[PDB]
Amino acid sequence: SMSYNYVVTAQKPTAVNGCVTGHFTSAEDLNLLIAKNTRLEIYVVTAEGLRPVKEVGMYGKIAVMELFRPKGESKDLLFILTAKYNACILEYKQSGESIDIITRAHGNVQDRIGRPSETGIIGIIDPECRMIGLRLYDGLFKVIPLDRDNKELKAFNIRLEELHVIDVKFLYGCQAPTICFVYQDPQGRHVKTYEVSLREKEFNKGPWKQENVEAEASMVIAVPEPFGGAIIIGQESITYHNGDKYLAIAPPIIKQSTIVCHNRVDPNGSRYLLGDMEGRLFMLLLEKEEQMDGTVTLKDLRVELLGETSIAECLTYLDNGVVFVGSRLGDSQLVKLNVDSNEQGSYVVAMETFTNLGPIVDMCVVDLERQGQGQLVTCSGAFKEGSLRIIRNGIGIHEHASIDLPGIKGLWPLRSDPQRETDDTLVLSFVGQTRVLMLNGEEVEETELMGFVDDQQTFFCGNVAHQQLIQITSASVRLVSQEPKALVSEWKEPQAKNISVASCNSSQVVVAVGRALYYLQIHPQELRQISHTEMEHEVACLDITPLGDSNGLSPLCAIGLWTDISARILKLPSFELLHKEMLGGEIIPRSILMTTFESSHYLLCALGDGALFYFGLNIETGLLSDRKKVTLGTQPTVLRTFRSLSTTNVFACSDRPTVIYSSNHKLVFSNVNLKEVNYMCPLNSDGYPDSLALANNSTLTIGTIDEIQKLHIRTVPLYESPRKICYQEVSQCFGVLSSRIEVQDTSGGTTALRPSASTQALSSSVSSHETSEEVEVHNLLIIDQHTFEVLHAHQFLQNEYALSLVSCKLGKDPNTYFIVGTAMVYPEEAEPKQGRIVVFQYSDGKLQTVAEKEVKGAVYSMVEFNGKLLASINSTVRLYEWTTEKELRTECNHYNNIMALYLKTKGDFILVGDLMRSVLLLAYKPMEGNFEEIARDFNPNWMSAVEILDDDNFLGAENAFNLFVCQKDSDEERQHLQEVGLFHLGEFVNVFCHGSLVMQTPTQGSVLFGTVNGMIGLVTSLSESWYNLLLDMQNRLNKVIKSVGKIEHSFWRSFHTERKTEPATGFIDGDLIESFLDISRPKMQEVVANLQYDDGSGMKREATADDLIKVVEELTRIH
Ligand SMILES: CCOc1cccc([C@@H]2CC(=O)Nc3c2c(C)nn3-c2ccc3nncn3n2)c1
């Protein structure tokens, strides 16, 4: 069992798996809810756009997500079902700034027997909220009655005679709850209804008889009153049914591509949006026919093409012509629908684009810029959405000026013009001195500013009330008129003692002299002394940033003190103590700041040692709450607000410059990708708009900052599907396997749907579902590592699929090659019986074929192996040598596989991942020239990816979203690999690769993985003693953290396939561990009660809160 692993999220899933609108946060709000695997994102729809309210993680994959409103509820409730059959009903509760998702009802609805249906879990709710219906398995329909008594969500099953249901909905306008569904039997596809009897717990005959529908009828729409009835969407037809009523259309406009989603635009069902696999967006329009009895029937159906979106998993109309396009295969979007078409005749205009990395089908890590700074390059998306994505940690700065100028001690922007809205002045402090720089476009020049002194050190200067400037120095506070620039007022301490600390806003000043504080107000031509006090200790730092709807005025003074290392909130003008916090230690506070993020207020206080304490701040009572602490460096941190893209954030200067910001109403910290920064200020001038001034010991820089986020993503559109990637350092390029769909005609020809990377390369060579006829045409792309231009595309043979790709040298040949493994794909073949290995050389802008090898199967995987080429081909693993004639030649073979899909190697060891029989360990035996089977995992697993952790530890991912770790057994029972680690990840892993995105203690090793949902994860190793500590922490965390839907963490992480359910073992959930930094202090104290740790050999010692914070902080830095 001596494998201990830790798995943590580096990038949360980005794919959208579902989306609903309604009134969840309040009756009056319009909400958009988005499901991204295990995450629920809640937004309020505004004219501004989407306002984020709350993101809630759940301990499950979200399979069903629907809003509904029982009689007596003031706003919508939310029904969630997870993939592990956890059902819950949730309520949004907001009290002040505290947001809580409360569980109204919960229970697990898994049955002991059943076959999961082809078109998946379906969950539907009756319009009248009488019941929830679940299609979990073939032949069964599960009913959860919605009585107020049913808090355990007890359910009953009804036998469903139709075994193969495609889609199902509850109908509107029905006296009894009534389902309408499409099902398939040997006689074709059919639409049918049943009423659902709560009394009989059984179906009753439906209100209208069944009809035959199109062979590819796939979606049921329940149309609201006054239409009622159902619309059935197929590939070639749309039909409406309401009993003594049938209407069908066969509009040719839809036949080109499968329609995969729908959404109702109007409450009464007059219009619907439809989306297809080529991102076409249609409007479906229902024309009313009146009747004498006042009912409405359907006169006609029409479909109109509006334009193109991302390929939509889901569409949600948000009012006022705005649509959310939720994409699994490309970026999500907000689009606007216009009444009038544009130039090319589209009614659709993209408003906003949201990054989706998924699916990540392959990836690699390259130090693209600096040595030691790995970046992840993914094969992302599919079809027209396909892309490369380049992911890197930290926030970049774009330097636009650099001036040699040592000894800077402070920076302040100033508008010397009272008319101009932009800064035109940068003021610098030095020891004992001040200098003023004017900004004329890009020119930066020394200048004097009348009223300001140059022979004292400035602690603050800026624009202030009544069209005035202020300069606060060690000697005095100077107030200066704007026109002309004259000294209009000067404040000094009564005996002209030095000012030691300064804080200022537009209308208020607070200065310290040693222990003394003075509060001044800025009036026309007057610095007015209001009040003063003597602090118990010397003053270390001050802030009076006004917060909230305060009209630029602060009733509060934040202060840090020497000696007791206190952060205090004082009232102005009295200086009455509202709150005191002792921060501990013997290192003084250096920087203190009152701040607002996402409409919450905080106090930030940084010590000389790199520690940052932060608290919730009540701006009415002065109360500080829920202390947290991070570490931002080993030097003093200086804090300063700036604005980028209409949000205020805080820049933290230290040896590790950082931006502090908010996400999901919690503070976040992201590294800035710069060396040590001592000082900074925002600067918005004509020549340097929306910019930052930065200083170190020697230099002043002016630049702009990138988006404020943990990870930067660059996108390279390919407009076709990338499949595999490898890096070739000697060529300074990537090789990328890609495929594009073409459409075949009745003769000998196929045609592309659009230009894409493989059709738009600089040069090209050849060898000698998206649509509803289709063929995949595969290519090797050569892409420049700097410009990501497509330099060359090589096209493979007709019906040749490119499966594997490696860049390597072989044998005694100094050249580096791109090598590709393929399969010839024919329709009748269960698996391929033919493939090739092709060795290419990239020289002088083109790919040349150096050698080919015909093999009798699909070449699924290839790896460089000790100067030889290792390949898996159908059920065979084969080692090839590169001969003097530049030909591949078989050395040895292994045959004991079903389908050898995945290879990794380490030394002479080979890890083989099979379609259905898990993993196998081979050794190449150099003195025999053959393989030896060392051990295999005799537990069947349907593999998706493999990795070697070390000589003794083998990591697998399988199709049911689990990880496992195999080891050799601690006889020829040595032939049995032991599954010593098990963990339900809840993602589908396509790729593992050794590497790190962090610039290169508790953990060893770094394995990244990429998933279908665009999630990037990390696996690393732990010692026994570190594992035990972290397991104990998990157990304690799980007793204090309330889970949404009352799902147990242990249940969620349990290994779960069709053959085996077991508790997780040998795996720490780093996402859970990291949440230790987000819990309250009471909870934190609870976790730590009598918690001990082993030190590495025997001795057990107490684990303190503060030491555990440091532990978890270290852990966050591994990604
Ligand atoms: C990376 C930053 O970590 C630490 C930072 C500060 C203090 C500690 C304290 C003391 C210390 O030196 N060790 C320690 C601690 C705590 C809680 N756990 N812990 C273990 C646990 C398992 C283990 N296995 N080998 C060695 N250890 N040390 C840690």
# chains A, B, ... in the order shown; residues from 1 in each chain; ligands from 1

$ residues_near_ligand --ligand "ligand 1" --cutoff "12 Å" --atoms "only C-alpha atoms and all ligand atoms" --output "PyMOL selection string"
chain A and resi 631+1001-1003+1022-1033+1088+1090-1118

$ residues_around --residues "stretch 49-56 of chain A" --least-positions-apart "5" --cutoff "9 Å" --atoms "only C-alpha atoms" --output "PyMOL selection string"
chain A and resi 25+31-32+38-44+99+101+334+663-665+1044

$ closest_residue --among "A:13, A:514, A:913, A:410" --to "residue A:562" --atoms "only C-alpha atoms"
A:514

$ residues_around --residues "residue A:1046" --least-positions-apart "6" --cutoff "9 Å" --atoms "only C-alpha atoms" --output "mmCIF file with C-alpha atoms, in the first residue's frame"
data_model
loop_
_atom_site.group_PDB
_atom_site.id
_atom_site.type_symbol
_atom_site.label_atom_id
_atom_site.label_comp_id
_atom_site.auth_asym_id
_atom_site.auth_seq_id
_atom_site.Cartn_x
_atom_site.Cartn_y
_atom_site.Cartn_z
ATOM 1 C CA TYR A 59 -19.823 16.294 -4.328
ATOM 2 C CA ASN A 86 -27.825 11.777 -5.293
ATOM 3 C CA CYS A 88 -31.716 17.008 -3.728
ATOM 4 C CA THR A 103 -30.973 21.455 1.369
ATOM 5 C CA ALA A 105 -34.811 17.463 0.749
ATOM 6 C CA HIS A 106 -32.283 14.800 -0.218
ATOM 7 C CA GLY A 107 -31.890 11.097 -0.884
#

$ residues_around --residues "residue A:204" --least-positions-apart "3" --cutoff "12 Å" --atoms "only C-alpha atoms" --output "MDAnalysis selection string"
chainID A and resid 158:160 176:179 192:201 207:208

$ residues_around --residues "stretch 247-258 of chain A" --least-positions-apart "2" --cutoff "9 Å" --atoms "only C-alpha atoms" --output "PyMOL selection string"
chain A and resi 234-241+245+260+275-278+280+282+298-305+769-772

$ write_last_selection --atoms "N, CA and C atoms" --output "PDB file, in the first residue's frame"
ATOM      1  N   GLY A 234     -36.625  15.780 -35.415  1.00  0.00           N
ATOM      2  CA  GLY A 234     -35.785  14.760 -36.039  1.00  0.00           C
ATOM      3  C   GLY A 234     -34.693  15.402 -36.902  1.00  0.00           C
ATOM      4  N   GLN A 235     -34.008  14.572 -37.700  1.00  0.00           N
ATOM      5  CA  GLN A 235     -32.961  15.014 -38.620  1.00  0.00           C
ATOM      6  C   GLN A 235     -33.547  15.672 -39.870  1.00  0.00           C
ATOM      7  N   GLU A 236     -34.736  15.229 -40.309  1.00  0.00           N
ATOM      8  CA  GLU A 236     -35.302  15.689 -41.570  1.00  0.00           C
ATOM      9  C   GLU A 236     -36.686  16.302 -41.388  1.00  0.00           C
ATOM     10  N   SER A 237     -37.215  16.293 -40.169  1.00  0.00           N
ATOM     11  CA  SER A 237     -38.593  16.707 -39.967  1.00  0.00           C
ATOM     12  C   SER A 237     -38.809  17.265 -38.567  1.00  0.00           C
ATOM     13  N   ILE A 238     -39.851  18.104 -38.440  1.00  0.00           N
ATOM     14  CA  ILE A 238     -40.347  18.566 -37.148  1.00  0.00           C
ATOM     15  C   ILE A 238     -41.857  18.334 -37.129  1.00  0.00           C
ATOM     16  N   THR A 239     -42.371  17.692 -36.058  1.00  0.00           N
ATOM     17  CA  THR A 239     -43.788  17.353 -35.990  1.00  0.00           C
ATOM     18  C   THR A 239     -44.375  17.889 -34.691  1.00  0.00           C
ATOM     19  N   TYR A 240     -45.636  18.303 -34.764  1.00  0.00           N
ATOM     20  CA  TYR A 240     -46.401  18.707 -33.595  1.00  0.00           C
ATOM     21  C   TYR A 240     -47.579  17.744 -33.388  1.00  0.00           C
ATOM     22  N   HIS A 241     -47.858  17.404 -32.126  1.00  0.00           N
ATOM     23  CA  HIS A 241     -48.897  16.446 -31.780  1.00  0.00           C
ATOM     24  C   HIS A 241     -49.695  16.969 -30.596  1.00  0.00           C
ATOM     25  N   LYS A 245     -54.890  15.808 -33.582  1.00  0.00           N
ATOM     26  CA  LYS A 245     -54.116  16.920 -34.109  1.00  0.00           C
ATOM     27  C   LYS A 245     -52.675  16.484 -34.396  1.00  0.00           C
ATOM     28  N   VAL A 260     -29.242  19.468 -32.114  1.00  0.00           N
ATOM     29  CA  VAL A 260     -28.810  18.854 -30.869  1.00  0.00           C
ATOM     30  C   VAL A 260     -29.347  19.593 -29.644  1.00  0.00           C
ATOM     31  N   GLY A 275     -30.356  24.556 -32.176  1.00  0.00           N
ATOM     32  CA  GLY A 275     -28.947  24.600 -32.542  1.00  0.00           C
ATOM     33  C   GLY A 275     -28.498  23.243 -33.093  1.00  0.00           C
ATOM     34  N   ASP A 276     -27.604  23.259 -34.099  1.00  0.00           N
ATOM     35  CA  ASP A 276     -27.093  22.056 -34.752  1.00  0.00           C
ATOM     36  C   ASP A 276     -25.575  21.940 -34.561  1.00  0.00           C
ATOM     37  N   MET A 277     -24.996  20.867 -35.132  1.00  0.00           N
ATOM     38  CA  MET A 277     -23.599  20.517 -34.894  1.00  0.00           C
ATOM     39  C   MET A 277     -22.633  21.391 -35.693  1.00  0.00           C
ATOM     40  N   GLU A 278     -23.139  22.223 -36.611  1.00  0.00           N
ATOM     41  CA  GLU A 278     -22.298  23.189 -37.294  1.00  0.00           C
ATOM     42  C   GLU A 278     -22.541  24.582 -36.727  1.00  0.00           C
ATOM     43  N   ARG A 280     -25.193  26.215 -36.433  1.00  0.00           N
ATOM     44  CA  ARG A 280     -26.314  26.977 -36.963  1.00  0.00           C
ATOM     45  C   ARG A 280     -27.312  27.184 -35.831  1.00  0.00           C
ATOM     46  N   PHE A 282     -31.246  28.336 -35.390  1.00  0.00           N
ATOM     47  CA  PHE A 282     -32.534  28.544 -36.042  1.00  0.00           C
ATOM     48  C   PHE A 282     -33.566  29.079 -35.060  1.00  0.00           C
ATOM     49  N   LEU A 298     -52.434  24.719 -33.673  1.00  0.00           N
ATOM     50  CA  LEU A 298     -51.289  25.113 -34.471  1.00  0.00           C
ATOM     51  C   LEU A 298     -51.702  25.158 -35.942  1.00  0.00           C
ATOM     52  N   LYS A 299     -51.486  26.312 -36.589  1.00  0.00           N
ATOM     53  CA  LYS A 299     -51.761  26.488 -38.011  1.00  0.00           C
ATOM     54  C   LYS A 299     -50.586  25.976 -38.843  1.00  0.00           C
ATOM     55  N   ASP A 300     -49.365  26.401 -38.483  1.00  0.00           N
ATOM     56  CA  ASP A 300     -48.182  26.043 -39.248  1.00  0.00           C
ATOM     57  C   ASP A 300     -46.934  26.124 -38.367  1.00  0.00           C
ATOM     58  N   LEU A 301     -45.848  25.507 -38.873  1.00  0.00           N
ATOM     59  CA  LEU A 301     -44.504  25.571 -38.300  1.00  0.00           C
ATOM     60  C   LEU A 301     -43.568  26.123 -39.364  1.00  0.00           C
ATOM     61  N   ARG A 302     -42.670  27.033 -38.958  1.00  0.00           N
ATOM     62  CA  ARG A 302     -41.667  27.584 -39.852  1.00  0.00           C
ATOM     63  C   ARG A 302     -40.322  27.587 -39.139  1.00  0.00           C
ATOM     64  N   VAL A 303     -39.257  27.384 -39.917  1.00  0.00           N
ATOM     65  CA  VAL A 303     -37.893  27.424 -39.401  1.00  0.00           C
ATOM     66  C   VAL A 303     -37.117  28.472 -40.176  1.00  0.00           C
ATOM     67  N   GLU A 304     -36.398  29.342 -39.460  1.00  0.00           N
ATOM     68  CA  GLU A 304     -35.631  30.398 -40.097  1.00  0.00           C
ATOM     69  C   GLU A 304     -34.210  30.370 -39.547  1.00  0.00           C
ATOM     70  N   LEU A 305     -33.211  30.468 -40.442  1.00  0.00           N
ATOM     71  CA  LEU A 305     -31.804  30.465 -40.047  1.00  0.00           C
ATOM     72  C   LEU A 305     -31.427  31.876 -39.608  1.00  0.00           C
ATOM     73  N   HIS A 769     -21.991  13.367 -35.086  1.00  0.00           N
ATOM     74  CA  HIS A 769     -21.426  13.720 -36.424  1.00  0.00           C
ATOM     75  C   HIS A 769     -21.705  15.195 -36.721  1.00  0.00           C
ATOM     76  N   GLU A 770     -20.820  15.811 -37.522  1.00  0.00           N
ATOM     77  CA  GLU A 770     -20.902  17.225 -37.874  1.00  0.00           C
ATOM     78  C   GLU A 770     -22.053  17.458 -38.866  1.00  0.00           C
ATOM     79  N   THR A 771     -22.260  16.471 -39.744  1.00  0.00           N
ATOM     80  CA  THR A 771     -23.276  16.538 -40.778  1.00  0.00           C
ATOM     81  C   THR A 771     -24.214  15.345 -40.582  1.00  0.00           C
ATOM     82  N   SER A 772     -25.404  15.423 -41.191  1.00  0.00           N
ATOM     83  CA  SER A 772     -26.459  14.435 -41.012  1.00  0.00           C
ATOM     84  C   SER A 772     -26.493  13.467 -42.203  1.00  0.00           C
TER      85      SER A 772
END

$ residues_around --residues "residue A:1075" --least-positions-apart "6" --cutoff "10 Å" --atoms "only C-alpha atoms" --output "MDAnalysis selection string"
chainID A and resid 1034 1037 1041 1112

$ write_last_selection --atoms "N, CA, C and O atoms" --output "CSV table (one decimal), in the first residue's frame"
chain,number,residue,atom,x,y,z
A,1034,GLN,N,-8.7,15.6,6.1
A,1034,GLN,CA,-9.9,15.3,5.3
A,1034,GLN,C,-11.0,14.9,6.2
A,1034,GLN,O,-12.1,15.4,6.1
A,1037,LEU,N,-12.3,17.8,8.2
A,1037,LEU,CA,-12.9,18.7,7.4
A,1037,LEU,C,-14.3,18.2,7.0
A,1037,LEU,O,-15.3,19.0,7.0
A,1041,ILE,N,-17.7,20.6,7.4
A,1041,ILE,CA,-18.2,21.3,6.2
A,1041,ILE,C,-19.6,20.8,5.9
A,1041,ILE,O,-19.7,19.6,5.8
A,1112,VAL,N,-0.9,24.0,4.1
A,1112,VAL,CA,-1.8,24.0,3.0
A,1112,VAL,C,-1.4,25.1,2.0
A,1112,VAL,O,-1.5,24.9,0.8

$ closest_residue --among "A:165, A:450, A:810, A:1008" --to "residue A:945" --atoms "only C-alpha atoms"
A:1008

$ closest_residue --among "A:753, A:390, A:436, A:694" --to "residue A:788" --atoms "only C-alpha atoms"
A:390

$ residues_around --residues "stretch 391-398 of chain A" --least-positions-apart "3" --cutoff "10 Å" --atoms "only C-alpha atoms" --output "PyMOL selection string"
chain A and resi 10-11+357+365+367-368+373-378+388+401+657-659+669-674+691-692+701-715+996-999+1119
